[PDB]
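What follows is the residue order along each chain.
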Amino acid sequence: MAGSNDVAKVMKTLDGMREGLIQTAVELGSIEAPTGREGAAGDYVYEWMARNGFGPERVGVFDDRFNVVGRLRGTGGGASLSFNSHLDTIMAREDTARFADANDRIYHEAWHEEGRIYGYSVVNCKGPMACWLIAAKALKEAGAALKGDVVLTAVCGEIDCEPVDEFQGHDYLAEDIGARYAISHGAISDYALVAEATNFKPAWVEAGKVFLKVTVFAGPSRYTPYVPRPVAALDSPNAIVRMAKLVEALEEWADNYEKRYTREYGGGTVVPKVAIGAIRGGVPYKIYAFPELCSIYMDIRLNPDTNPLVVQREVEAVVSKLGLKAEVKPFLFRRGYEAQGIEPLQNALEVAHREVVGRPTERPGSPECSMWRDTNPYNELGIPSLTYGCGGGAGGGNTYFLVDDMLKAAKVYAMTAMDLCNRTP
Amino acid sequence: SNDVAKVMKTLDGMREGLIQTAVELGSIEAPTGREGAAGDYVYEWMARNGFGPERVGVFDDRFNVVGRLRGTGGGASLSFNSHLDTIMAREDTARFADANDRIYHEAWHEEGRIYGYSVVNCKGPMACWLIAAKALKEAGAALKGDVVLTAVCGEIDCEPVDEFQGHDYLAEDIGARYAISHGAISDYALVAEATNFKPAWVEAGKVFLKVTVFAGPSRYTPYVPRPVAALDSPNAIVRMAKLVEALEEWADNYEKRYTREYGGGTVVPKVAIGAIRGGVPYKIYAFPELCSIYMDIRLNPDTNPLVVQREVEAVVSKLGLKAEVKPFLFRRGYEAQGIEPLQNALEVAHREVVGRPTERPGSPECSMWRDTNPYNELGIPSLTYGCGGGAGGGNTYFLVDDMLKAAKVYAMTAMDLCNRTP
Ligand SMILES: N[C@@]1(O)CC=C([N+](=O)[O-])C=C1C(=O)O
Ligand SMILES: N[C@@]1(O)CC=C([N+](=O)[O-])C=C1C(=O)O
Ligand SMILES: [Zn+2]
Ligand SMILES: [Zn+2]
């Protein structure tokens, strides 16, 4: 495996699909699809799949935020392979609170130039998606012989947004309604390749995460004309002032956390990092009396073998060490996984890659193995899964794909399927 | 120590609140899909008793309720978990001969007993640990670790499929797993359900299959071809009738073949055809070219859903029928790992309160869906334990005496386990 030169026919068929590949990627990439509003992108993919005869279904918690699942049905007796990429993209209509430059052309558009396709939404993640969409089209139209099904899974809400506090429900949900939902409601297979920009480097371990809301307490609040001064920062009745000290302690803890929990796996080396993604205390429209509490929100990545409570307790000890009183409240926990029994997919992939790209695969860097990918939900559910695709990673952060690379990735995908899907499950 | 004795007879002094909480909770209409009001009651109950509840939910009218009894520090934390939804809706006339019988929809205190399917499943076991927590708090029990109080929506096996999508039809995806994934974590979790004081720490997974038989061509009744052998009938309903018989045979043997013994219980994974539809009753002058059944196939923890799908496809091809066999639900079952500390804390409290070692649970009770699966899936070793016979069995009432024992077992388990070191 794979096949004979059933492969040759499919490779040429893909050669002839270069314009479709670019067109699909630009059209998809041009659709505004920040997490929370992936619907329009979903609709595009549904119709694309319908046109091409993959019998898509919308599989979603919400009628405007859904996954799209289609299939290329095999003849029987082979392993099934899922291809998966996500529908949502990074920058909403205006993320001025995160980024200082929340509106550049590259951040909200996509176009074909030279032999490149530009746009963050192409890098992450409409480009890799176009690649396996085309791969499947070629397989279908070439009449490739496949015993197993190919499952086509475009998912919403991959990006790490989460409800918390007063931000609840439809507008703020993500991973809970995405890949895991799609799989749990029918999109199952023997194996799954998650297409993301990895520069043709396969990973099959990823991090989990625990998000902590840390609320430091102080008080009592006083009207500004009555505030006691001077007072040592850690004793300040202003929770914001205490939080400032806590923040630098947590930064120290974080510097060492990633070192202490670094851990090497067959699938990659996890370097689990920590960042303080938000802070808020008091409200901007009533500032005449300082707040008795102040909260930060921490993103703490987990290697697959770390219980979230171990991390919560470590943060609680940083707080205690400072003599502060705080609530350390988790509001998100997802496990990361190393794929188990990945070998058949890893092998079929390695063989396809060598043929198409012409060299052995390189091992990915740590960040690419220490993040969230939808390989976690697949592996969680017993579907061995790895991530692989063309392009320098979005978090790199790349701003374009080479059309040559995309075409290579499409071929790798088609070859992988023609091999793996003809193995007996 | 000697808090135990104090708590024990804080609890016997609470028989009134236990009964009232169970009857009031059980009296709230809360079929899966409409569990909101039950959630509100639980939230308000938690708030009055100082457990600082939070609504944790995908929808503002279908949510989990998570509360907490905070420990002094340095101990293991324990979740108590029960679900807010109940089995019967007043409209389930499609399922039950008399879907409006009082036992399905009401709860009441009579003599020694509390009647109501909604108390058996699951307001009764919920009241048990609600009261246990209240007793632990008020008696000022010393606890190093937290007790996490987790009332979840959407535990019951309802699922979207076909045109039935979204809010009204979701369940487990927005229930316990959602609650845990969004903060309700602990070192251990006790899922309070009716188990007749027998602990289970293995449960089944499941794959739901939509099986659609194709036939045709459809004809206006005055043109229908007869006689035609069943398997050749242009009427998909007629073909499906023969397939149903074959799948019943497969199901008979399936549970034998995949029966499997675990430390946490013996799993006997069963199969049932839960629904059928072909054609529509308001247009019956031309028979349908397709007909669908919907299969509930339980999985032991070590069975891949695709193996099962293939087996069903094999039954179809042996009859020589054309059909789509389509999975529309798959969830894994788990045997807990590292359950020993909870198992032990439970066993000690149980022997003391109930006065005899625990027995292994009956196979159905560890061959079903329970929210131990999400906890174990997420690395929180979890077992299920509580008073009374299983609703699915199904039992109709709880003895208030049993409810009290359960509450005491819960309280004692916490005082032990939450004072061990994490
Ligand atoms: N009498 C009817 O109009 C009613 C129903 C059908 N039909 O089953 O398509 C045909 C008729 C016909 O012969 O015209
Ligand atoms: N897991 C359930 O809650 C859901 C469904 C039923 N039931 O269909 O009777 C019973 C259960 C039980 O009593 O454990
Ligand atoms: Zn991505
Ligand atoms: Zn139940």
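Residues numbered from 1 in each chain as written, not as in the entry; some residues may be left out. Chains lettered and ligands numbered in written order. Part of a larger assembly, values for the part shown. Heavy atoms only, no water.

If you check the PDB entry, chain B appears there as 5-nitroanthranilic acid aminohydrolase from Bradyrhizobium sp.. You can read under Function in the UniProt record for chain B the words "Catalyzes the deamination of 5-nitroanthranilate (5NAA) to 5-nitrosalicylate (5NSA), the first step in biodegradation of 5-nitroanthranilate." For chain B, the Catalytic activity comment in UniProt is given as "5-nitroanthranilate + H2O + H(+) = 5-nitrosalicylate + NH4(+)". (UniProt positions renumbered as here; feature names shortened; annotations may be inferred.)

As recorded in the PDB entry, chain A goes by the name 5-nitroanthranilic acid aminohydrolase, listed as coming from Bradyrhizobium sp.. In its Catalytic activity section, the UniProt entry covering chain A states "5-nitroanthranilate + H2O + H(+) = 5-nitrosalicylate + NH4(+)".

A count of helical and extended segments in chain B gives eleven helices and 15 strands. Taking 422 residues into account, the globule formula puts the C-alpha radius of gyration at 22 Å, and chain B, at 23 Å, falls close to it. When the backbone C-alpha atoms are referred to their principal axes, chain B occupies close to 85 × 40 × 40 Å. Taken across its 422 residues, chain B has 59% of its residues classed as buried. (Helix = DSSP H or I, 4+ residues; strand = E, 2+ residues; numbered from the N terminus. Rg over C-alpha atoms; globule rule 2.2 N^0.38 Å. Buried < 20%, exposed > 50% of the residue type's maximum accessible area, 1.4 Å probe, protein only.)

Residues and elements named next belong to chain A. Bridge count between strand β1 (residues 57–62) and strand β2 (residues 65–72): five bridges; the pairing is antiparallel. Counterpart to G60 in the pairing with β2 is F66. Counted between consecutive antiparallel strands, the loop separating β1 from β2 contains two residues. (Pairing = 2+ DSSP bridges.)

This paragraph deals with the pattern of salt bridges. Residues and elements named next belong to chain B. In this structure the tally under the stated criterion is 64 salt bridges over all chains. Among the ionic pairs, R102 bridges to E106, the shortest N-O distance being 2.8 Å. Classification of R102 as partly exposed rests on a relative accessible area of 45%. (Salt bridge = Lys/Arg side-chain N within 4 Å of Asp/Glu carboxyl O.)

Residues and elements named next belong to chain A. Feature annotation in UniProt places "active site" on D88 and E158, given in this structure's numbering. These annotated residues cover 71 residues of sequence, but their C-alpha atoms sit close together, with the largest distance between any two at 6.6 Å. Relative to the assigned elements, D88 resides in the loop between β3 (81–86) and α4 (105–108). In this structure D88 comes out as buried when scored by relative accessible area, which is 0%. Ignoring anything within four residues of it in the chain, the contact list for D88 reads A33, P34, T35, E38, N124, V155, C156, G157, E158 and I159. Take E158: it is sitting in the loop between β6 (150–155) and α6 (179–184). Take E158: its relative accessible area is 5%, and that puts it in the buried class. Once you skip the residues sitting within four places of it in the chain, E158 turns out to touch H86, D88, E175, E196, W372, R373 and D374. (Contact = heavy atoms within 4.5 Å.)

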